[PDB]
Each structure stands twice: as C-alpha cells, then as structure tokens.
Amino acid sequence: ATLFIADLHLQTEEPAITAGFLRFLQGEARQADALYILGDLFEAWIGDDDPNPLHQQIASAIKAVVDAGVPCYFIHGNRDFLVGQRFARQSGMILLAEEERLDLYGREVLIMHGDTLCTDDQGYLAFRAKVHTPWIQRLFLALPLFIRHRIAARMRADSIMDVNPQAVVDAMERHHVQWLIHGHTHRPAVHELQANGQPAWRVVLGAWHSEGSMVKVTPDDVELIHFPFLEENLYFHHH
C-alpha cells in the first residue's frame, strides 16, 4: 500500500501533533510501499538554515523511515513552500513538483497540495505568485535569520476557501486521470465527478487538528483513514 498525508502544520507549540507523527513514522509508515507528504507538513518555514530543533527531529524521524526501505516524497504547501534541497538531504525525502502523475498499482493518480485549485481566491493567488517568484525567494532567503523570523511572525498574523469545480476538471483532464489526491482545504472527503468522459474521483486529506488522517491506496481500493495521535490505552458501567 501507498500512504498519503498532508496538512500536519507541525509546530513546537503543538507537541501532541509532533508526537502523533513520530508514532505514525515508527509504525504504519514502515510497512508502506512509499510515503507521500502533500504539503503543509510544517506550519511555517523560513529556510533550511533555520536551527529550529523540531526541524532536525522531524528530519531524523523521516530519514529512519527512508533507511528502512520506504521512499518518502514531498510536495510543497502554501505554509512550507521554502523547504529546499538541504532539508531533503537531511530527511532523505525527494522533492516533487507542484503536480505529479503517479501509477499506483495500475491507477493513474494526480497529486498536489490543492491550493492551486482554489482559483476563486484571487487574494491568495496573488500572494502565491509573489512568494513563488524566484528572485523574491532568493532575496528573502538572503536576509539574516532573525530578520526572517520577525517577518514571518508578522506575516502569519497578516495572512480556507474551497476548490473551484472547473479547476478540478481542467487539472484531471490535463493529466488524463480519473483519480486525484490533495489536501490544503482541510475537508476530508471523496468527491465523484466526470473527467475525460468517464467517472473520476477527488480524494481530500484531513488536517491533523485533533486526530490523524491519511489516504491509503492498495491494488484493490482507496481508503480515507482517521486515527488518534497517541496510543489510546483501553481501560474499564452498570445494567
């Protein structure tokens, strides 16, 4: 089986989510054929030179899954678009483009973070166009670390709408697929539509707010799965 997760929004202020992700990496992830992280792994990112210890802890935990034989892939989200090749090397992850077409046990499946499907939010799209401009990224990354931290703290306070239906059909027909997996919208669901004159499905991941969420693809089915962060130890009413 192949696993997909997204929108964990890891941050030091939310240690329970970090604990849940480490348990996931130590258990379920080790049995997968591959692990895809479709964006928003971190709540924020200001560059791979950030000494934030959470970054090194996450990188080591993912690297252990990679060393165990499970290839791990990453597509950027709107929160962590500055994740670069230095962190990819530390974690063992492979960085993918904003859109990729996968063969999963015969299925042609398109994957993306999903924010590019939100073509009605012109305000966010203008932000995305700016922060994805290469010279703007290079200029920001050249700033001192403490300056970048101050900018990000203010910009987070300065800065979710849903996808546009026609944008979904356009992407699914551009890639000629009947399956699409994405996150960003934080609305876990399975939507049936029509693309390429045939039934098609858009599978949406959930954010790691109170419980975990993943999509598991097998040769036989597609599974949207919700699970608790930590080991809920059972313990023991009247008639």
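Numbers for residues come from their place in the sequence shown, where the first is 1.
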property: Interval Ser159-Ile160, deposited residues with no coordinates in the entry (none, 1 to 3, 4 to 9, 10 or more); result: 10 or more
property: Per the entry, higher mean C-alpha B factor between 39-47 and 194-202; result: 194-202
property: 53-61 or 166-174, whichever carries the higher mean Cα B-factor; result: 166-174
property: Candidate residues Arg86, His76, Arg107, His149, the one whose C-alpha B factor the record puts highest; result: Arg107
property: CA B-factor ranking of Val222, expressed as a third of its chain; result: lowest
property: Ranked C-alpha temperature factor of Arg187 among modelled chain residues, by third; result: middle
property: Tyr124 - Cα temperature factor, lowest/middle/highest third of chain; result: highest
property: Entry-reported Cα temperature factor of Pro144, expressed as the chain third it lands in; result: middle
property: Ranked against its chain, the third holding the CA B-factor of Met155; result: highest
